[PDB]
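What follows is a short report on a single structure.
Counting neighbours? That spans all protein chains shown, and the Cβs are built from the backbone with ideal geometry, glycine included. Each answer follows from the model by the rule given with it, or from the source it names; these are not laboratory values.
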Ligand SMILES: Nc1ncnc2c1ncn2[C@@H]1O[C@H](COP(=O)(O)OP(=O)(O)O)[C@@H](O)[C@H]1O
Ligand SMILES: Nc1ncnc2c1ncn2[C@@H]1O[C@H](COP(=O)(O)OP(=O)(O)O)[C@@H](O)[C@H]1O
Ligand SMILES: Nc1ncnc2c1ncn2[C@@H]1O[C@H](COP(=O)(O)OP(=O)(O)O)[C@@H](O)[C@H]1O
Ligand SMILES: [Mg+2]
Ligand SMILES: [Mg+2]
Ligand SMILES: [Mg+2]
């Protein structure tokens, strides 16, 4: 049809349209199945520029492998829409869709309409969600519980000597900035990375770290007690909005105009100096000025004669981290200066690392915006750690915002598999084939874990399914012996919202794919 | 004939020009080959008997150097697996400063020895676990081998014998003269608090007679002439300015406005008489030398010569700030006379010619200054650069001795003794990991092998002789160099010692770069562009 | 060691050189053509 | 083999043949200024790419007018500039001696 109207068209009719979507779905899963569990292998990614990126997370991998397909673009966008909401479950998303399309093809190839399978997915999706509500366990979410949840999501993206160090820095940071009410607000934990020393020196600083210091060589480098003045006023020489211009005379009137144009900016400096001299009469306290706008070299010479350590051009986000930490007020004008608008720190010292300068704010009274300091000897090591830190922070915020936690280790995928079998006869018609095919796709998480540890794929499932019929215990798969182990009494925990979103997402995409009739490309070759 | 098609799946969806290397026979065994080639290029430049290398970059600039890090910097590398070994060496240069070749030799022997273990059955995870266990053991044995720590860092007779090992490893033959120059300059700028700074030592290169004509000078020197007419002052008061030496103009667009004939005649005379008072105001404070950092004016130069003042211009910003520390002055952002604390006192400022180059010298008679410079002279532009780096190794050794004064016997007496203790530890571990710990100990023999091959003696007899003496208990026995036959010699008595912190960071960074390459399984490369 | 034609001067294959007596005879012949035009 | 270490075009040589071929490269620089020594020396004539002739008997300016690109031979041209900067005479006596 279309080939008669547009000769330069590419079409795929009848079952050639289903053979392209199935083939590519299984192609992305044979590469993404080696990343599952703490026993997955690391991958090397090299771009055209020549940089090196070692990643294990399914979202970073999918957006870095050179892949040009229409139907491989739909799965890529589903994983992105999970990383920015839940932050976990990007590898398990591709595996289930790739396998759910594989099982549904065994019945379509036997002369069966794809719509009959579709009705089976809807019934199986409603039973699976009603089964998950009774498996979750509601707890208080004390410190000891959040250690176990955070460790499960950090032991798969680093080694054991690092996850034990990064777990304490993530659990502590969330607790320090959480109030008794209101949702946990992110964007208040600055992630600073310095390329020095080893990777085991990644610590948590109760304060703020700024990537710039003082620009005068006559300013203090260590203050033991200081008032923090956070301001967003301009101390640079500025010009009138309307076009002006001096019109002077004999050379004496030129000198009367050069120092008459600096009065407006030297008045702002003289308001700070009197405020400093009032609250600090004796040379025993400091006075640190943090600005969001620039400062002239002239104003860095007036402030440095009184020991006013001043920093210029801070980021806009730090006008909110510095009020929660210290306790001042971030003001825009100087017409209402008062001692009530000043912060308080306990130690401000400067750190110089080669050609870059860092400033530390420590010993705050009641800090509410902590910072994380990342250290590592390689550029790609600081990116590998920064991915795990993001993963571990969204695994703790999810565990607090939802008062329930689901056990892991694959002990829950086996549980929907047994529940849906006894629900198969209750569905009338040929739609029982949808429920049987759905119960087979959910069993890929135990299969991949059993296969990545070096066991038998079939002999392990029969052992896991030998339990859970004779004892109502959520038994998972061990990753060192292959024996059935109970996941609720060891420490393996997942998130209730991660598993809930995954079931919702993996069914909607694989239902629209199975109903695609043809792949038509009749438009313009390129927008030109 | 027939053609083999493409396998369905990921291979059919790759972009053109990209490559995919997955498996153990295609990714791990090929990564070790690339890293083994890198170790054979920089090994020839190891020890006193190392050889130089002629490297030419793509700007047709020539490098004759013996540093391991400098060779890797001017060589382009297109292998990803060999690029991590380079970045592992560049990290030790910024932390310690010496020991860049140790990482290449060690990471080259750990990786090669792991290939043999992977064919006898051992898995990759068993090799990684075995190496880390051995790495921790070496960090406990190492402190027990420390001998002869530093006594006094302010004595010119003791510090000179501690930097000699660093220099002799790069300029053999001139290690006695060169060690007396760095030691004479580091102790002069050493403060009482003990906070040593590396940027306070300056090196200037003047094409001249020879290396033996080089000398140290407490002060600063410049490759510039004098703007004015006065070219020698005995006891000067330097007044440093940051603003240019001319009349002050407004930043907004300003213009004069002459409306009467009488104001037109007086305008030119008004500006000149205004400038006379400003220059005379500074001249009354005793400021014989004025140093600026901007543009000098023609009218301002006239009055400078009238009052016997010296005018020097330095348009380099940071070079101006270094002068403020040397003389003890402050930069004035405004053209106003300094009062009491902004006047730097020197001992002699004069313009002299050194090897057809007119230079300005801020000489000091006192030894307690802030910045000290070292004048280097040679016959070839290449010879002076090679000695520039050798000086920097000596300075960086002084900084490490400030932090940690502990020293270990060098010349191979540390690696062999570390090989005996690690080998015995692995014998007591029953399991699959005892094969990996033993291979870790055999990698420490690659360093004495590199010293024996470069000297011109049979290496196998050296390790044979070293192992027998150390078993008796002599842990201070290394390798003799002056001996034609492969003999041995005591190192504590001879005086060849290395820094404890230099080797502590060398092993940690070498093992880290070797275990990351083994963890890689699949490599997905994009189209080069 | 097979002393292959190593490059010494830039554009060595587009440059010529005369030495010895043959270069001295070329000067005289060049100055004999010029001075014989002005004789008339 | 499929992935190569250095770029395609990195020429490299080493060994005994590498060093002997450098001794034979300094024999060409020394022979360019061999016949300008003594009271009976003869000067040379060099032409630039534009057509300007530079006629001189001194080693320092002769070696500056040759577009020497050999890395080993470029050491002999650098020591000549050193001699004419320190003493100003004896430039062609350090080229035969080297
Ligand atoms: N220590 C462990 N032992 C057994 N199973 C684990 C362990 N850690 C994680 N898992 C399981 O591995 C599955 C996938 O985790 P992972 O691949 O790290 O991230 P993602 O959930 O994004 O795929 C989870 O469902 C979890 O149940
Ligand atoms: N006189 C000497 N005799 C024996 N060994 C020496 C002597 N001087 C230096 N060495 C050894 O040479 C080794 C390598 O030095 P060098 O190659 O210059 O730098 P790097 O430590 O970066 O390899 C040092 O570990 C030192 O122990
Ligand atoms: N009267 C003389 N008799 C013999 N030899 C002389 C006499 N005067 C100078 N010489 C020699 O001629 C040489 C001059 O070489 P010259 O062309 O000046 O070299 P350069 O230009 O490098 O100095 C000197 O080495 C000197 O030994
Ligand atoms: Mg995860
Ligand atoms: Mg060294
Ligand atoms: Mg002469």
Q. Within the stretch B:409-418, is even one residue within 16 Å of ligand 5 (Cβ to nearest atom), more than 21 Å from the chain's Cα centre (by Cα), crowded, with 21+ Cβ neighbours inside 10 Å and free of Cβ contacts under 8 Å to residues at least 60 places away in the same chain?
A. yes
Q) How many of the residues in the stretch B:1-18 are more than 8 Å from chain A (Cβ to nearest Cβ), free of Cβ contacts under 8 Å to residues at least 60 places away in the same chain and under 19 Å from residue A:45 (Cα atoms)? A) 1
Q. For the stretch B:245-276, how many residues are within 14 Å of another protein chain (Cβ to nearest Cβ) and either outside any loop (DSSP other than H, G, I, E, B) or in contact (Cβ under 8 Å) with a residue 40 or more places away in the chain (or both)?
A. 21
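Inside the stretch A:293-323, can you point out the residues that are within 24 Å of residue A:366 (Cβ to Cβ) and touching a residue at least 40 places away in the same chain (Cβ under 8 Å)?
Across the stretch A:293-323, the qualifying residues are A:309, A:311, A:314, A:317, A:318, A:319, A:320, A:321, A:322, A:323.
Each row is one residue, and each column tells you yes or no for (1) farther than 21 Å from residue B:418 by Cα; (2) outside any helix (DSSP H, G or I); (3) within 16 Å of ligand 2 (Cβ to nearest atom).
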site: B:109; (1), (2), (3): no, no, yes
site: B:121; (1), (2), (3): yes, yes, no
site: B:131; (1), (2), (3): no, no, no
site: B:141; (1), (2), (3): no, no, no
site: B:173; (1), (2), (3): yes, yes, yes
site: B:184; (1), (2), (3): yes, no, no
site: B:189; (1), (2), (3): yes, yes, no
site: B:192; (1), (2), (3): yes, yes, no
site: B:212; (1), (2), (3): yes, no, no
Q | Residue in the stretch B:477-503 that is nearest to ligand 2 (Cβ to nearest atom), counting only those that are more than 14 Å from chain A (Cβ to nearest Cβ) and closer than 15 Å to residue B:143 by Cα | A | B:498
Q. How about the stretch B:480-506: which of its residues are more than 27 Å from the chain's Cα centre (by Cα) and either more than 18 Å from residue B:408 (Cα to Cα) or within 16 Å of ligand 5 (Cβ to nearest atom) (or both)?
A. B:482, B:483, B:484, B:485, B:486, B:487
Q) Across the stretch A:228-264, what is the total count of residues that are within 12 Å of another protein chain (Cβ to nearest Cβ), under 29 Å from residue A:290 (Cβ atoms) and in contact with a strand residue (DSSP E or B) (Cβ under 8 Å, 6 or more places away or on another chain)? A) 1
Q) Looking at this structure, is residue A:433 touching a helix residue (DSSP H, G or I) at 6+ places or on another chain (Cβ under 8 Å) and closer than 30 Å to residue A:55 by Cα? A) no
**Q.** Which listed residue is buried (at least 17 other Cβ atoms within 10 Å of the Cβ), more than 14 Å from every other protein chain (Cβ to nearest Cβ) and away from ligand 2 (no atom under 16 Å from the Cβ), from A:421, A:445
**A.** A:445
Q: Go over the candidates A:463, A:528 one by one and state the one that is part of a loop (DSSP other than H, G, I, E, B) and more than 16 Å from ligand 6 (Cβ to nearest atom).
A: A:528
Q: Examine the stretch A:96-114 for a residue that is away from ligand 5 (no atom under 16 Å from the Cβ), surrounded by 16 or more Cβ atoms within 10 Å (Cβ to Cβ) and under 23 Å from the mean Cα position of the chain (by Cα), and state whether such a residue exists.
A: yes
(Q) Taking the criterion of being surrounded by 10 or more Cβ atoms within 10 Å (Cβ to Cβ), part of a helix (DSSP H, G or I) and under 11 Å from the mean Cα position of the chain (by Cα), would at least one residue in the stretch C:6-24 satisfy it? (A) yes
Q) residue A:148 is checked against (1) away from ligand 4 (no atom under 16 Å from the Cβ); (2) in a helix (DSSP H, G or I); (3) in contact (Cβ under 8 Å) with a residue 60 or more places away in the chain and fails just one. What number does that condition carry? A) (1)
Q | Selection status of residue A:123, in contact (Cβ under 8 Å) with a residue 40 or more places away in the chain, more than 16 Å from ligand 5 (Cβ to nearest atom), assigned by CATH to the domain that holds residue A:493 and closer than 23 Å to residue A:18 by Cβ | A | yes
Q) in a strand (DSSP E or B) and either closer than 30 Å to residue A:45 by Cα or without any contact (Cβ under 8 Å) to a residue 60 or more places away in the chain (or both) - does that describe any residue in the stretch B:478-485? A) no
Q | Unique residue being in contact (Cβ under 8 Å) with a residue 60 or more places away in the chain, closer than 27 Å to residue B:87 by Cα and more than 27 Å from the chain's Cα centre (by Cα) when the list is A:353, A:373 | A | A:353
**Q.** Counted residues, the stretch A:280-330 - those being under 36 Å from the mean Cα position of the chain (by Cα) and farther than 13 Å from residue A:220 by Cα
**A.** 25
Q) Among helices (runs of 4 or more DSSP H) lying entirely in the stretch D:1-92, which contain 1 or more residues that are away from chain C (no Cβ under 14 Å) and surrounded by 11 or more Cβ atoms within 10 Å (Cβ to Cβ)? A) D:59-64, D:74-86
Q: Output the number of the condition that residue A:43 fails; it satisfies all remaining conditions of (1) facing chain B (nearest Cβ under 8 Å); (2) assigned to a loop (DSSP other than H, G, I, E, B); (3) within 16 Å of ligand 1 (Cβ to nearest atom).
A: (2)
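Taking residue B:21, is it in contact with a strand residue (DSSP E or B) (Cβ under 6 Å, 6 or more places away or on another chain) and away from chain A (no Cβ under 14 Å)?
Against the criterion (in contact with a strand residue (DSSP E or B) (Cβ under 6 Å, 6 or more places away or on another chain) and away from chain A (no Cβ under 14 Å)), residue B:21 does not qualify.
Conditions (1) within 16 Å of ligand 6 (Cβ to nearest atom); (2) in a loop (DSSP other than H, G, I, E, B); (3) touching a helix residue (DSSP H, G or I) at 6+ places or on another chain (Cβ under 7 Å); (4) outside the structural domain of residue A:90 (by CATH), marked per residue:
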site: A:359; (1), (2), (3), (4): no, no, no, yes
site: A:387; (1), (2), (3), (4): no, no, yes, yes
site: A:393; (1), (2), (3), (4): no, no, yes, yes
site: A:399; (1), (2), (3), (4): no, no, yes, yes
site: A:420; (1), (2), (3), (4): no, no, yes, no
(Q) Looking at the stretch A:509-524 only, could you name the residues that are free of Cβ contacts under 8 Å to residues at least 60 places away in the same chain and closer than 16 Å to residue A:103 by Cα? (A) A:512
Q: Check off (1) away from ligand 2 (no atom under 14 Å from the Cβ); (2) in contact (Cβ under 8 Å) with a residue 60 or more places away in the chain; (3) over 20 Å from the mean Cα position of the chain (by Cα) for residue B:62 and give me the number that stays unchecked.
A: (3)
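Scan the stretch A:83-100 for residues that are more than 14 Å from chain B (Cβ to nearest Cβ) and either free of Cβ contacts under 8 Å to residues at least 12 places away in the same chain or within 27 Å of residue A:436 (Cα to Cα) (or both) and jot them down.
Hits for the stretch A:83-100 are A:84, A:89, A:90, A:91, A:92, A:93, A:95, A:96, A:97, A:99, A:100.
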**Q.** Selection within the stretch B:279-305 - within 19 Å of residue B:330 (Cα to Cα) and within 14 Å of chain A (Cβ to nearest Cβ)
**A.** B:281, B:293, B:294
